[PDB]
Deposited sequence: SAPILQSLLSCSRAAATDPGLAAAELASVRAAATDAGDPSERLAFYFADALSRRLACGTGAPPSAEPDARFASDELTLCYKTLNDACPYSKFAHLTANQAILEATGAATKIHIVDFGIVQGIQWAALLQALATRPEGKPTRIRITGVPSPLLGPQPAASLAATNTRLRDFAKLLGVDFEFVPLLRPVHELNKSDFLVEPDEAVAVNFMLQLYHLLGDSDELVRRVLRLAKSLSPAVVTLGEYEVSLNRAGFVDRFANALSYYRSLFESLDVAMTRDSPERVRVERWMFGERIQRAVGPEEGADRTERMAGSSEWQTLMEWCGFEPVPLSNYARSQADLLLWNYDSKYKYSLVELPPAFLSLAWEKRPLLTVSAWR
């Protein structure tokens, strides 16, 4: 472990104690840190900033560009989508009519991939596919242009498969939606998809994540797919959260380093506006009900899903191969691998540290 990061960790520990943290210690880390240097230097830059802000207190455009950059450089979103899609395909094989509910849609590519897969599945192409999409916070407060374009794009794609298809959005806040808003029909199989979405609802209270998991369960889904960041940033106390976050973001920062140049502006946008802001939320001033954008590890998610009446579904026999296929062209300098977490999670890891975990439930 790099000295700048060990010094940062001792800073967080000192900060949480009675004597407190000396300015010289934090100043030394801040001096050594750089948002333009190597991954450990950049990482310390954003963490030392957040720690400063914590001590001092006592956009939509950025994010959408960031999301696109991250997914061109890294296999995270593709891993998650394809692994979720394989679980949906297998769960819904006996159905001729399928209804997908996407809590937190960004662009349409997961569903374009799924449509292609459904068209060629063993049981034969479905006679109807409907998608109901709740826009991801990544699309901002003004998601209409983006959703309409995704709708058009998916409907044009479905025409090229010869399949009856519909897409509709739900724009009201999820906390106001009810079962009847999803317009589910008795003759269709439902799959519910939560990809990098549900962590937004974690809070001092579980009520919002409970309300939407109950809502999902009420649709009697054939399967519910969950894709989540693998880091425990919820109820743990500050010193543990700081350590958990530092290790997690160290892996993310390193995977950016192998993928993009040291001077890439796109890279800095991701590091500052996506990762840096998340770091501020996890390790910055805010606490209790004020602390937002929490994340949880896979055991905590399992506890919540089972609490809401779901049970684990094993992933496909062909989920590890599909994920290896996706990683095939990442040469030797990349450090991606797949890690199983119990009971039925599959996670994409960097240097054997799980970063993005996918699971299926019913």
Could you spell out the stretches of the deposited sequence that were left without C-alpha coordinates, going in sequence order?
59-71
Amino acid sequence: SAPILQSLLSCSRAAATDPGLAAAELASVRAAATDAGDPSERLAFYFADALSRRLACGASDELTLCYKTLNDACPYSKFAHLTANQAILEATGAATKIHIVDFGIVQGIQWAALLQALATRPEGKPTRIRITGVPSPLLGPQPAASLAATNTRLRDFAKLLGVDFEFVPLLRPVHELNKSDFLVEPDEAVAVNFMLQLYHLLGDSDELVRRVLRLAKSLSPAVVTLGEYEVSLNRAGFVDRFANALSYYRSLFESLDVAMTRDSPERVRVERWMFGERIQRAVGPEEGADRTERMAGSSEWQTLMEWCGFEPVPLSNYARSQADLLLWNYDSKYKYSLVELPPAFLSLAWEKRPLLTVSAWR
From here on, numbers count along this sequence of modelled residues.
Averaged over C-alpha atoms, is the B-factor higher for 189-197 or for 238-246 in this PDB entry?
238-246
Of the two stretches 77-85 and 205-213, which shows the higher Cα B-factor on average in the entry?
205-213
Choose from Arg121, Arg281, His99, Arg155 the residue with the greatest Cα B-factor as stated in the PDB record.
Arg281
Out of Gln142, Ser220, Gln110, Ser136, highest CA B-factor residue
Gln142
Could you place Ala22 in the lowest, middle or highest third of its chain by Cα temperature factor, using the values in the record?
highest
Split into thirds by Cα B-factor across the chain's modelled residues, where does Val313 land: lowest, middle or highest?
lowest
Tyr330 - Cα temperature factor, lowest/middle/highest third of chain:
highest
Among the modelled residues of its chain, does the C-alpha B-factor of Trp273 lie in the lowest, middle or highest third?
highest
Sort the modelled residues of this chain by their C-alpha B factor and say whether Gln302 lands in the lowest, middle or highest third.
lowest
